[PDB]
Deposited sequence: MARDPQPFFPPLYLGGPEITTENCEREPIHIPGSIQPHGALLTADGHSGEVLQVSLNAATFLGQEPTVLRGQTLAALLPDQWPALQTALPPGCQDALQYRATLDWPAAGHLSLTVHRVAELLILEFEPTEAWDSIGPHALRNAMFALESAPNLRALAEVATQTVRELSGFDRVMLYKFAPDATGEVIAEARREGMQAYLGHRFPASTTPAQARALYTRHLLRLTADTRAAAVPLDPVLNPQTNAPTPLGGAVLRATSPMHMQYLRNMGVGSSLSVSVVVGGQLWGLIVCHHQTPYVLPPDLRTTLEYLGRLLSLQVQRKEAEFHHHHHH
């Protein structure tokens, strides 16, 4: 089983126990957005990221305890409609908020049990991308096209297709990258670099990222969900804080921003679309949704070719 999280007295992770880290419940987020949790019946705001004033204009102390009806009157009824108690876990509510003075905010909401999890962050290609992946006549061509298409759409410095072997080691089997960058084609890596509980999570929650590999995580306050006195499920929150071990791996590779999308075949994790940028980089929200879609399409095409 998982260790308890650090804030419940669990051990800190080392190379002896990579696979025990409860990466889905870090109690913290990345600083490029804000996260609120709210009761899924009353809309009471229960937990607030400590940075929330940066995005929402009000201090966490002020936000906590208010209802979504009071805070987001234009969205609460639509949210009640879209994400009722007992709804399918994969459902999402999305809106664009135009009231911030210096931009627009993307709001993304999902339900986990009795909690709503609200994420706020600033905010023919599709036909062509779909066609390119569906048409590729063999797995090599498919991998080449997928990496090139994801790079073109996203702008990432490096986009790889990373395939797991039967011993859970991985290999870069295709790549698209910025002019002059060193090729990572053919490089192979130990199984511990993507440990077993990460691979399991990635069979369920198909995209994750680290937008700035040097940025400190921002706690949720309070850290435990008051409904349960237990950790808040964040596996489905893009803004979730990344494992420290993995962020250090990335820094030591010269990666400022990382993002991957699962390739799932027969319900197993076949591989990953792995994206790197040398500097920090916040892939825009709409482009994340596009990459998720392309991951699903790639997954089915890989299943077919095999």
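Missing from the model relative to the deposited sequence are positions 1-6, 130-137, 321-329 (no C-alpha coordinates, numbering from 1).
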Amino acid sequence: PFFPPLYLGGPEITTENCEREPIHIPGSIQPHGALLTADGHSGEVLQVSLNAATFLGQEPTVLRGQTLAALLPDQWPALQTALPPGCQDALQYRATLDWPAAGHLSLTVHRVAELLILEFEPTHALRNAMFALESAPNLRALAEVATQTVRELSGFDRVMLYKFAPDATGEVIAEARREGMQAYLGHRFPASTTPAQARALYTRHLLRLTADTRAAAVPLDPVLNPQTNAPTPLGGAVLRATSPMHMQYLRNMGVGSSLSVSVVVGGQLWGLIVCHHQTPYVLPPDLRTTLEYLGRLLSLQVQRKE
From here on, numbers count along this sequence of modelled residues.
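As listed in the deposited structure, the average C-alpha B-factor of 220-228 and of 84-92 is greater for 84-92. Taking only CA atoms, the mean B-factor in the PDB entry is higher for 55-63 than for the other of 36-44 and 55-63.
Of the residues listed, 206, 174, 71, 209, the entry assigns the biggest Cα temperature factor to 71. Residue-level inspection of the entry shows that, of 128, 108, 149, 194, 128 has the top Cα B-factor.
In the PDB entry, a CA B factor belonging to the lowest third of its chain's modelled residues is recorded for residue 257. In the deposited entry, the Cα temperature factor of residue 20 sits in the middle third of values across the chain's modelled residues. Looking at the C-alpha B-factors along this chain, the one for residue 124 belongs to the highest third. Among all modelled residues in its chain, residue 188 ranks in the lowest third by Cα B-factor. Per-chain ranking of the deposited C-alpha B factor places residue 266 in the highest third.
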